[PDB]
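Enquirer: This block holds the first chain(s) of the complex, placed as they are in the complex; more will follow:
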Amino acid sequence: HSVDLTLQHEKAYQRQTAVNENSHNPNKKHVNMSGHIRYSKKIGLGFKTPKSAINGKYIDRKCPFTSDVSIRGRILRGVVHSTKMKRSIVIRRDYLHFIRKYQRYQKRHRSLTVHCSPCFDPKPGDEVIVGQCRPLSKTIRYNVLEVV
Amino acid sequence: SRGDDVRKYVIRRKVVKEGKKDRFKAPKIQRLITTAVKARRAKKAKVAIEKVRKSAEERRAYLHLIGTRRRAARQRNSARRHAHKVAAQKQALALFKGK
Amino acid sequence: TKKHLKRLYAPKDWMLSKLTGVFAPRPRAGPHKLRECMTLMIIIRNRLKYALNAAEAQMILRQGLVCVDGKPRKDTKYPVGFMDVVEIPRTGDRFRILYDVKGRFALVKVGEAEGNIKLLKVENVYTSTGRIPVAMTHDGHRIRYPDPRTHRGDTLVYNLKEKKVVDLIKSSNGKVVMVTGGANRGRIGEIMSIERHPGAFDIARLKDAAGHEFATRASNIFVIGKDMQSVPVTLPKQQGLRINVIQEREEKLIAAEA
């Protein structure tokens, strides 16, 4: 083999922790349709993996689909507000509230800063479903599961 | 040297109290190995080994159990297989050489 | 770290007063939890009445006269949970604690055979050095485990002088159950359908004699036997039936005449 230049851009070398890429005469199968060796992970909670992730090119240590990040607790929805940054998208939510005295409703938003695997590329105004995670950054506490 | 008992050869001291008769103070001996001590010590490592062997015994019985189950399985799924196959076969070819 | 418990932070099921000291005993870490159990000194004193006060209690206990599970217990405090057996030779009494209708602890009295018999659930199943399988329950480990291996949430039959394990019982439809927790405990029922919700609490649906069916979760369920003639253990005067508030009240009136 020889090395990419579109999966490499960094001073250090980009690789998956999980599996042996140095491989070699490959002892298998573990690998993805059929292709060089790769690690991919079937998370439960009734979600089913992307086709894309399994067969992918990409190197990510934060997605639950090719790394040891585990999705566990709360499960949320929302829509998309802004595609900025690198792998970090921004969710808006909207929901109501009730004041007992008036007996009328009221509108409120929150927002969250979540992780998006390079497997997906969802556009502003799309729905999404996400999952609970351990802290991956200062704000970031969720990671995408599934787009709509 | 050895074999010679130092219970005999302790220091004694003596103390007065006027008209209440004297007493000979002398020390207890420590780090002392008697009959009792030796027996007690030895006994421990008999207990020790025994416990280990009991574990191993349990393990054998467990393993045995599992294997017997697997054996029964094999046999049962032989019976089934064999019956199906060779009964259907019996019908077939016997009747084509009886034709 | 907390070493003190108080009378208003202690459960209602022990039935201590607001008054008469501001402190209650905090039981140690042990076979059971702090939020359900009955500690030793609470049993002896406030129930069986062989102690009138604190000093009395320890003047029994510390001499090794009280034995849960065949092992004499010196300590003043030490918890005793659901499905244990307390045997105090000196009297000739024996207890098997249990829950009973109205959610509150109860005391049965058992003879020879069942003073050596117990039951244990299965919380988890895991593997240890040398590929030796292991189970874990409320009270303790214990090792391997056939009676024939199987699976979590199931219930065993455990003998205390030596292991003779009769069989075991499993969690499957048409079986029988007694309950813990959940403000639904002290009842008894069948097992109809068990809903499974992945990643989330698992919900059961039950039934009992002469209908009035109900529901609970699945970690509040503890199996008993295949059927209600197949039970290994004895049960209180009530068979785990709730009856209506009005029925109860009325009956208490009518019989009070004496």
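Expert: That came through fine. Numbering: from 1, shown residues only, chains lettered A, B, ... in the order given.

Enquirer: can you count the residues close to residue A:66?
Expert: Counted with other Cβ atoms under 10 Å in any protein chain shown, the neighbours of residue A:66 add up to 25. All C-beta atoms are positioned from the backbone trio N, CA, C, and that covers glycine.

Enquirer: can you tell me how far it sits from residue A:54?
Expert: From residue A:66 over to residue A:54 the distance is 9 Å, taken as Cβ to Cβ, to the nearest Å.

Enquirer: hey, what's in contact with both of these two?
Expert: A:38, A:40 (Cβ atoms under 8 Å, 6 or more residues apart in numbering or on different chains).

Enquirer: Now residue A:25: which helix or strand?
Expert: Residue A:25 belongs to no helix or strand when assigned by DSSP states H and E.

Enquirer: Same question for residue A:111.
Expert: Counting by DSSP H and E, residue A:111 is part of strand A:104-115.

Enquirer: ok, the residue most central in space within chain C - contacts?
Expert: By Cα atoms, centre = their mean, chain C has its centre lying nearest to residue C:82, at 1.4 Å. Counting by Cβ under 8 Å, 6+ apart, residue C:82 touches C:32, C:36, C:97, C:98, C:99, C:138, C:180, C:222.

Enquirer: For the first one, which non-adjacent residue is closest in space?
Expert: For residue C:32, the nearest residue in space outside its immediate sequence neighbours is residue C:81; the separation is 3.1 Å by Cβ to Cβ, 6 or more residues apart in numbering or on different chains.

Enquirer: distance of that neighbour from chain B?
Expert: Computed as Cβ to the nearest Cβ, to the nearest Å, the residue C:81 to chain B distance reads 28 Å.

Enquirer: Also residue A:139?
Expert: To chain B, residue A:139 is 52 Å away according to Cβ to the nearest Cβ.

Enquirer: What's the separation between that residue and residue C:188?
Expert: Residue A:139 is 51 Å from residue C:188, by Cβ to Cβ.

Enquirer: Can you tell me the closest non-neighbouring residue to whichever residue of chain A sits closest to chain C?
Expert: Residue nearest to chain C within chain A (Cβ to the nearest Cβ): residue A:45, separated by 4.6 Å. Nearest non-adjacent residue to residue A:45, counting by Cβ to Cβ, 6+ apart: residue C:199, 4.6 Å away.

Enquirer: now residue C:161
Expert: For residue C:161, ignoring the flanking residues on the chain, the nearest one in space by Cβ to Cβ, 6+ apart is residue C:116 at 5.3 Å.

Enquirer: Also, this goes in as chain D:
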Amino acid sequence: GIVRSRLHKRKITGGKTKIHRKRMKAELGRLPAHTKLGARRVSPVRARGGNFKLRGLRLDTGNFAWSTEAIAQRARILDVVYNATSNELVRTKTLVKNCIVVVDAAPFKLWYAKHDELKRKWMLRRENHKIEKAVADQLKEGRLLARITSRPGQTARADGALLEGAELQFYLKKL
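Expert: One more piece, chain D, placed on the ones above:
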């Protein structure tokens, strides 16, 4: 007093939080270990379980492993060459996880001989096998490029791996 918290930092809204509390031993940093080349020194400290850990200082000796041959054998770290965190660390000859360094090569060269009755084995093992040409030139010459995969400030040892085709070409082209 070195702390690990978000208390001293700003909000996401650019505001500033006000404290009502001192600082704890629950939050706790300790000053970096810088682990160089030289005879083994160790500086043991104690953690919050009553479990020691070993701050390493100066490690000249190593343990390194082929992938694909499924072995590990010793060697002696000679020089540090490339580090991707800083060029600072290079020049000082300090050692951190995923640093690229140079090794003795000898024990590997040795072992690959063996890859009486033995005379049959040296055929059977050498069959169904080749060694990379990338790897070859290096291994011959008497020095190799290897990578430490241990963290040698909290175990007081360096351990590593060894570089075959993909990884190896990505490093060489820097140099």
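
Enquirer: quick recheck of the neighbour count of residue A:66 now chain D is there?
Expert: Around residue A:66 there are 25 residues (other Cβ under 10 Å).

Enquirer: now swap in residue B:93 and tell me
Expert: Neighbours around residue B:93, by other Cβ under 10 Å: 9.

Enquirer: anything in the helix or strand containing it near chain C?
Expert: Secondary structure from DSSP H and E places residue B:93 in helix B:35-94. Yes - using Cβ under 8 Å from any Cβ of the partner chain, we find that helix B:35-94 touches chain C at B:58, B:59, B:62, B:65, B:69.

Enquirer: for those residues, which one is nearest chain D?
Expert: Nearest to chain D among the residues of helix B:35-94 next to chain C, with distances taken as Cβ to the nearest Cβ, is residue B:59, at 30.5 Å.

Enquirer: Contact partners for the nearest residue in space to the closest one that is not next to it in sequence?
Expert: The shortest distance from residue B:59 to any non-neighbouring residue, by Cβ to Cβ, 6+ apart, is to residue C:132 (7.3 Å). Residues in contact with residue C:132 (Cβ under 8 Å, 6+ apart) are B:59, C:143, C:144.

Enquirer: how close does residue C:132 sit to residue C:125?
Expert: Per Cβ to Cβ, residue C:132 is found 12 Å from residue C:125.

Enquirer: and what of residue B:89?
Expert: Distance, residue B:89 to residue C:125, using Cβ to Cβ: 45 Å.

Enquirer: The two: which has the busier surroundings?
Expert: residue C:125 (15 against 10).

Enquirer: which secondary structure element contains the more buried one?
Expert: Using DSSP H and E, the element containing residue C:125 is strand C:124-128.

Enquirer: For the stretch 101-250 of chain C, which residues are neighbours of chain B?
Expert: Residues of the stretch 101-250 of chain C found near chain B (Cβ under 8 Å from any Cβ) are C:130, C:132, C:143, C:144, C:146, C:148.

Enquirer: Sticking with residue B:97, tell me its helix or strand.
Expert: Using DSSP H and E, no helix or strand contains residue B:97.

Enquirer: Show me the beta-bridge partners of the residue nearest in space to the middle of chain D.
Expert: When Cα atoms, centre = their mean is applied to chain D, the residue found nearest the centroid is residue D:148 (2.1 Å). As for beta bridges, residue D:148 partners with residue D:99, residue D:160 under DSSP bridges.

Enquirer: ok, now which ones touch it?
Expert: Each residue near residue D:148 by Cβ under 8 Å, 6+ apart is listed here: D:62, D:77, D:95, D:96, D:97, D:98, D:99, D:101, D:158, D:159, D:160.

Enquirer: sequence below should go in as chain E:
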Amino acid sequence: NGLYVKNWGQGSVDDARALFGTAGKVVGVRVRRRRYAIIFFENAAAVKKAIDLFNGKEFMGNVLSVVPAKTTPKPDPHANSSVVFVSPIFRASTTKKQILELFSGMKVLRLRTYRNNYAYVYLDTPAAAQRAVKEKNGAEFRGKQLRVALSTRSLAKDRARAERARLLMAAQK
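Expert: Take a look at chain E, now in place beside the chains above:
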């Protein structure tokens, strides 16, 4: 299946134990013509347990025997031909017919398997003498210290087996 006591009873003790074991707590002993009984508790676990346990059996002087349900099978290992086999003897490299040689003729045999170190040989009935030498040892012969022993299995049956095999084969093809 219900299991079978043998080598007891006659017997007053027979009758006594017969009506004592009936009808519970488990079990009951169904007495039989000669020295033996049927003992009824049956289940797949029941056949295993019933072997090694010996409640519901008495003796009058007898040594107990616990036998499978039918009275048939033990005579076959005991007697009627022999036929004999020998275990230390390599497949791998040392050849067969050292076997045949050792016993001074009477043929038919094979080595088995790639597993391990027995061969099997039919010397018919007279092998009773042969094995009574080599079981009481019996050492090396490009092998190891050994044991020989018997039970009948096939012959007679092996010849009729492979006959009925060849018949099926011809039809089949």
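
Enquirer: what do you get for the neighbour count of residue A:66 once chain E is counted?
Expert: What residue A:66 shows, counting by other Cβ under 10 Å, is a neighbour count of 25.

Enquirer: so what's it up against?
Expert: Contacts of residue A:66 (Cβ under 8 Å, 6+ apart): A:16, A:18, A:38, A:39, A:40, A:41, A:53, A:56, A:58, A:59, A:60.

Enquirer: State the phi and psi torsions of the residue in chain A sticking out farthest from the centre.
Expert: Most distant residue from the mean C-alpha position of chain A: residue A:101, 42.5 Å away (Cα atoms, centre = their mean). When read as degrees, to the nearest 10, the backbone of residue A:101 gives phi -60, psi -50.

Enquirer: Do a quick rundown of the strands in the chain.
Expert: As the question left the chain open, I've gone with chain A. All strands of chain A, identified by DSSP state E, fall at A:75-83, A:88-99, A:104-115, A:127-132, A:142-147.

Enquirer: Actually, chain E is the one I wanted.
Expert: E:3-6, E:29-31, E:36-39, E:65-67, E:84-86, E:109-112, E:118-121, E:148-150.

Enquirer: SS state for the residue nearest to the centre of chain C?
Expert: Applying DSSP: H, G, I helix; E, B strand; the rest coil to residue C:82 yields a three-state assignment of coil.

Enquirer: Tell me how many other residues surround the residue of chain E at minimum distance from chain B.
Expert: Shortest chain E-to-chain B distance, computed as Cβ to the nearest Cβ: residue-wise this is residue E:171, at 4.7 Å. For residue E:171, the count of nearby residues is 13 (other Cβ under 10 Å).

Enquirer: which residue sits closest to it in space, ignoring its chain neighbours?
Expert: residue B:93 (4.7 Å).

Enquirer: Does the one you found touch residue E:173 like I think?
Expert: No - using Cβ atoms under 8 Å, residue B:93 is not in contact with residue E:173; the gap is 10.2 Å.

Enquirer: mind checking how far residue E:169 is from chain C?
Expert: Where chain C is concerned, residue E:169 sits at a distance of 43 Å (Cβ to the nearest Cβ).

Enquirer: actually residue D:162, not the one I wrote
Expert: Per Cβ to the nearest Cβ, residue D:162 is found 31 Å from chain C.

Enquirer: list the contacts for that residue?
Expert: So residue D:162 contacts D:64, D:65, D:66, D:67, D:108, D:144, D:146, D:147 (Cβ under 8 Å, 6+ apart).

Enquirer: Just among those, which is most surrounded?
Expert: residue D:64 (27 neighbours).
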